[PDB]
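Those sequence lines, one after another, are chains A and B. The opening residue of the first sequence carries number 1 in the working numbering; numbering runs sequentially from there. The opening residue of the second sequence carries number 433 in the working numbering; numbering runs sequentially from there. C-beta: ideal position from N, C-alpha, C; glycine also.
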Amino acid sequence: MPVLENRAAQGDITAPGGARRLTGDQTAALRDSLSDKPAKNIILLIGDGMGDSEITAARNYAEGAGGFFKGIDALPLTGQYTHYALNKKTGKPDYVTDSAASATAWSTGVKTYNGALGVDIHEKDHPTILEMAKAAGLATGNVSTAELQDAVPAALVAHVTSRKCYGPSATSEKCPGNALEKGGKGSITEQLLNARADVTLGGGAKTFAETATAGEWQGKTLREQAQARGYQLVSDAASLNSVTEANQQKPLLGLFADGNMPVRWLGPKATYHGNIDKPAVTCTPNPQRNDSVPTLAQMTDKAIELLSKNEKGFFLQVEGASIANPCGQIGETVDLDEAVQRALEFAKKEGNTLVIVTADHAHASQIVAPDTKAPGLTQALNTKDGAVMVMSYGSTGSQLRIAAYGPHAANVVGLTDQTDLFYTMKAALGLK
Amino acid sequence: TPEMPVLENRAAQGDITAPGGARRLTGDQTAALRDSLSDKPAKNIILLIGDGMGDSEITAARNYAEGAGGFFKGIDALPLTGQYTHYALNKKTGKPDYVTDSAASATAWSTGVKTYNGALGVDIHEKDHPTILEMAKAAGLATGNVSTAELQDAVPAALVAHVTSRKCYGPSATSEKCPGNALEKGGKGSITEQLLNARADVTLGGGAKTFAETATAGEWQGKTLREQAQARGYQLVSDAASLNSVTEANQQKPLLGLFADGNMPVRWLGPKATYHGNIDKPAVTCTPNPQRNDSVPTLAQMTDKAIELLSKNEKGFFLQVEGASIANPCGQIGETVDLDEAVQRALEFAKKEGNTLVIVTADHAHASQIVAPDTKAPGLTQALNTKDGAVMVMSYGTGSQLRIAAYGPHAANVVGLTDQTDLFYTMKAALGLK
Numbered sequence: 001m002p003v004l005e006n007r008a009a010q011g012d013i014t015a016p017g018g019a020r021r022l023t024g025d026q027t028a029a030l031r032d033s034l035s036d037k038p039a040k041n042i043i044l045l046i047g048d049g050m051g052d053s054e055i056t057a058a059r060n061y062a063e064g065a066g067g068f069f070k071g072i073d074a075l076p077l078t079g080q081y082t083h084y085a086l087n088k089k090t091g092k093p094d095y096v097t098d099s100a101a102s103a104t105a106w107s108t109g110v111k112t113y114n115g116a117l118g119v120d121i122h123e124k125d126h127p128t129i130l131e132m133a134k135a136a137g138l139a140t141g142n143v144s145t146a147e148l149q150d151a152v153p154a155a156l157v158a159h160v161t162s163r164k165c166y167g168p169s170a171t172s173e174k175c176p177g178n179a180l181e182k183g184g185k186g187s188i189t190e191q192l193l194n195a196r197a198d199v200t201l202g203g204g205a206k207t208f209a210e211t212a213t214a215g216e217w218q219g220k221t222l223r224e225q226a227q228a229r230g231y232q233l234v235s236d237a238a239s240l241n242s243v244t245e246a247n248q249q250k251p252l253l254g255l256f257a258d259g260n261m262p263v264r265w266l267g268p269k270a271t272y273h274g275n276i277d278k279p280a281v282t283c284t285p286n287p288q289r290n291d292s293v294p295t296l297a298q299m300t301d302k303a304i305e306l307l308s309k310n311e312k313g314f315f316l317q318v319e320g321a322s323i324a325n326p327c328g329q330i331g332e333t334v335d336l337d338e339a340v341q342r343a344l345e346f347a348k349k350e351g352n353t354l355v356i357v358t359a360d361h362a363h364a365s366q367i368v369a370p371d372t373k374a375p376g377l378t379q380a381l382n383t384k385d386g387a388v389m390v391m392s393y394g395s396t397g398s399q400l401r402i403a404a405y406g407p408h409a410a411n412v413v414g415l416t417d418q419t420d421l422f423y424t425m426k427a428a429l430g431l432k
Numbered sequence: 433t434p435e436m437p438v439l440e441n442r443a444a445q446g447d448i449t450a451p452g453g454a455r456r457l458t459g460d461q462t463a464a465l466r467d468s469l470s471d472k473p474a475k476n477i478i479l480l481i482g483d484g485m486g487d488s489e490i491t492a493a494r495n496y497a498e499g500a501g502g503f504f505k506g507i508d509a510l511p512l513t514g515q516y517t518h519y520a521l522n523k524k525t526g527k528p529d530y531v532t533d534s535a536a537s538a539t540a541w542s543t544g545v546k547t548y549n550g551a552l553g554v555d556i557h558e559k560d561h562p563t564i565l566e567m568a569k570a571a572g573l574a575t576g577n578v579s580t581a582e583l584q585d586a587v588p589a590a591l592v593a594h595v596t597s598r599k600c601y602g603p604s605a606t607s608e609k610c611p612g613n614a615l616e617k618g619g620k621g622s623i624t625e626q627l628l629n630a631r632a633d634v635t636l637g638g639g640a641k642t643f644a645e646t647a648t649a650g651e652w653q654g655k656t657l658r659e660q661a662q663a664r665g666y667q668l669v670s671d672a673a674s675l676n677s678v679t680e681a682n683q684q685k686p687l688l689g690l691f692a693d694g695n696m697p698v699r700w701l702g703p704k705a706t707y708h709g710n711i712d713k714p715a716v717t718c719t720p721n722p723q724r725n726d727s728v729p730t731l732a733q734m735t736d737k738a739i740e741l742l743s744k745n746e747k748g749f750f751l752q753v754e755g756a757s758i759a760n761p762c763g764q765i766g767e768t769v770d771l772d773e774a775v776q777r778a779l780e781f782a783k784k785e786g787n788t789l790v791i792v793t794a795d796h797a798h799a800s801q802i803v804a805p806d807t808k809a810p811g812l813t814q815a816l817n818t819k820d821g822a823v824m825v826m827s828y829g830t831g832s833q834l835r836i837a838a839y840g841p842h843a844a845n846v847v848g849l850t851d852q853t854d855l856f857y858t859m860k861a862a863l864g865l866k
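Listed below in structure tokens is the structure:
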């Protein structure tokens, strides 16, 4: 079912027809994109805050208005999904979710309250798509450029009443029911190590320095616990590259930064009337990025290579993290686009892989007219077109894009809910 | 048999607090979507435009009027969806201008050419290009142009007028602001004059005021534009009763309904948003506008009457319907509700007829955002009491790509990423126009 490159503007944008992204009728191409056959594998890519506005701004900046993201914009089947959370006491909708409640929704199929991971409004645990995959004998991967304790990667492996419960310390204080010494399943990091995905790659080494309060590994650091439990620990690109396999006997745990992994691009923070009062900005490469720290795309490719060895199949989630910094935000979308390209390249070759690309919720940034005097923070940027684009941040709940390629991708078209994504993945992989 | 499927119910299917309760799907959609795809000719096209109606506006309106887990039986029911880009051009450089106005965006889908902000039916060199409505008429199709805005406003005007500035409503503004287009200066005339020349079978909306102006040259010099319409054989109507009496509309007796002096009445009233309004003022419940009444047809009623009149043409018809806009949350939400009712009419017709492509989108998105209730925001905000019995806060503090959705023959051409100019080529090809 491969392709639909490319949908850049096809010609001279000032001339009749020159800004078209299509070359002819799409009925055959869309029909050819539809298959009801089993998915052997799923790759779910999440861009933090990546709603339609963020996609557009990053395209305009990095590719030009008429440009095309070869990963993000190349998925043939598209829709919009709703991501409202719940008020914990009343059960009524809360129109603006945080990352934890939204990740819980696609990870478990149950709505919840802001801050919850893997539990419902009654604080009851519900299994995750990753746990279910593993129980069925599928290989599992969990990749992020955030700290691995952050809401999105955490939601696949941890059930806690507050997303703040990173390690033993915070869990004892803020989630006493989940604390290991109080009979609970443990902190986010402890539950991560119990879950034992085949491949886990990201930031967040800091919390692994904490020591367990109880159980078999009481008094040892969580890093020592991982080593004791047979994990392959890697911390840089060379150590990652040399890994030849990852499975339940030798699961891979890559910890590539103390906190979040390095942001792709730097620029100044937006300011009051920054588009008027400050020069237009050209984003710059972050010196902290280097070939010793794997990128999101490199971690995605290595996870695919290790997980694809499982004959039954795999589930892999990849999160492009977001750390009022337009350059930071746009470079994060570029990082995600490269990871999506790796996923699509694999899926097109393998032929039984469903790739889904979406966001937890949208950032508040807006693209505004160049002369805008806005009440919040603004910045002018010099885009690939050699024109100024202005972005405004003006302290969100909108539905936002979800797109897919491969078997069962029809289930993201039209209006859906974020919880439907759980059931789509469940059904595509034939999980019970 | 009414047979390619419309989405009948994508509301949350159960108790939203329970596992699976917030699902909008009941099962796999592959078969449904396969059955949604045809490249047979479109006999008819109905294009519905919600002013400012990006994804945020759809979500806010759904939240308020239907609840978070509710469902717009029109807007949310189209099975094939994508996102399109609507950037304009800088007139002098020809480089993208990332934030369009309504005139440049309407020009893009009506003519397939990008242009500068404020341009109607002309490119950055001020050269005219034909519109989808003009092309439909030349091919023997019936044509309708319906709006709750003034008919001179950018969206309806872009189908029938080629002028260098959208401000050129009548003779007086054209001679001042678009001198090359002014009739007495050798051009094709004001927006209103070009509308009268274009002679769609059905034109319904606001904007009676400009018709009081007199022409400055030509056969009808010194007559008002209303008098000109009357002399050129138009059937003029001004309220619901007179619209209802109309039995036919065609090139001998084209229909021109003028239902307000300016814009037609908004659906709902509420207070303007204010600084720290969500904190400093009570949560708002929108109220009915008493200027709305059964003597003024609604957007849906105009849509239904236009379909009834246009569908008599054996070759087919092209119909555009605009739900107009105008930091008034209640006004903007009610406008989305108005559009949803008109989309329901269009889909009901299309489902039965079987050869009708229905497209629902926006010119460009409004700046409103849905934000946390406790938000202290620097712009204008308002708390609203929604259908769920919970508070939603709106903030007004744009260039984002936005939803386009379709049903019927050739609907596949809205899926994925497209440009607003592709919509011109989609409509052209679907109707077989050359």
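Taking all protein chains shown into account, A/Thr171 has 16 or more neighbouring C-beta atoms within 10 Å of its C-beta and is therefore buried.
When C-alpha distances from B/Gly486 are compared across B/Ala844, B/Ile836, B/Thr813 and B/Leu789, the shortest belongs to B/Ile836. Under the DSSP assignment, B/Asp671 falls outside any beta strand (DSSP E); it carries neither an H nor an E label. Among the residues facing chain B, A/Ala369 is included, as its CB has a counterpart in that chain under 7 Å away.
In the three-state DSSP reduction, B/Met734 falls in the helix class (H, G or I). For B/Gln776, no CB of chain A lies under 7 Å from its own CB, so it is not counted at the interface with that chain. By the C-beta density criterion, A/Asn194 is exposed, having fewer than 16 other C-beta atoms within 10 angstroms. DSSP lists B/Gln515 as the beta-bridge partner residues of B/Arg835.
For A/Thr396, the C-beta contacts it makes with chain B under 8 Å involve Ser488, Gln801, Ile802 and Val803, in order along the chain. Nearest to A/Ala205 by alpha-carbon distance, out of A/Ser144, A/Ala85 and A/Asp25, is A/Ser144. The beta carbons of B/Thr624 and B/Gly602 sit closer together than 7 Å.
Going by C-alpha positions, B/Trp700 is about 21 Å away from B/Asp508. Rounded to whole angstroms, the Cβ separation of A/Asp98 and A/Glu332 is 18 Å, and the two are not in contact under 8 Å.
The beta carbon of B/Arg442 falls within 7 Å of a beta carbon belonging to chain A, placing the residue at that interface. Residue nearest to A/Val412 within the set B/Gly553, B/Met567 and B/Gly514 is B/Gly514 (criterion: CA-CA distance).
If only complete runs of 3 or more residues are kept, the segment 303-370 of chain A shows the beta strand (DSSP E) at 314-320, 353-359 and 366-368, in order along the chain. In this structure, DSSP gives A/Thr416 an extended state, which the three-state scheme calls strand. The segment 819-832 of chain B and the segment 555-569 of chain B do not touch, with fewer than three beta-carbon pairs separated by less than 8 Å.
Excluding five sequence positions before and after B/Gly848, the CB atoms of its chain that fall closer than 7 Å to its own CB belong to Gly514, given in chain order. Taking C-beta atoms under 8 Å as the contact rule, B/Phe749 and B/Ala574 qualify, at a distance of about 4 Å. Note on B/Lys475: 16 or more other CB atoms within 10 angstroms of its CB, so buried under the neighbour-count rule.
Taking a Cβ-Cβ threshold of 9 Å, the residues of chain B close to A/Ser392 are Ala799, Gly829 and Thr830, in chain order. Distance from the CA atom of B/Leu741 to the CA atom of B/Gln667, rounded to whole angstroms, is 13 Å. If you draw a straight line from the Cα of B/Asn760 to the Cα of B/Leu457, it is about 33 Å long. Bounds of the beta strand (DSSP E) holding A/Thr145 are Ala139 to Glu147.
In the pairwise beta carbon analysis, the segment 265-274 of chain A is classified as touching the segment 368-381 of chain A: at least three pairs are separated by under 8 Å.
When beta bridges are read from the DSSP output, B/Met824 appears opposite B/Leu816. In the DSSP annotation of this structure, B/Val634 is not part of any alpha helix (DSSP H); the continuous beta strand (DSSP E) holding it starts and ends at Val634 to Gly638. One alpha carbon belongs to A/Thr161, the other to A/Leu222, and they sit about 21 Å apart. With fewer than 16 neighbouring CB atoms inside 10 Å of its own CB, A/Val3 falls in the exposed class. Boundaries around A/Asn41 are those of the beta strand (DSSP E), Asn41 to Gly47, since no alpha helix (DSSP H) includes it. The residue among B/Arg598, B/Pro511 and B/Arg631 with its C-alpha nearest the C-alpha of B/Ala570 is B/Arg631. Per DSSP, B/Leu690 is one residue of the beta strand (DSSP E) stretching across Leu687 to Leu690. In the DSSP assignment, A/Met261 falls outside any alpha helix (DSSP H) and carries neither an H nor an E.
Taking 7 Å as the cut-off, the Cβ atoms of A/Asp337 and A/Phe69 count as close. With fewer than 16 other Cβ atoms inside 10 Å of its own Cβ, A/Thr244 counts as exposed.
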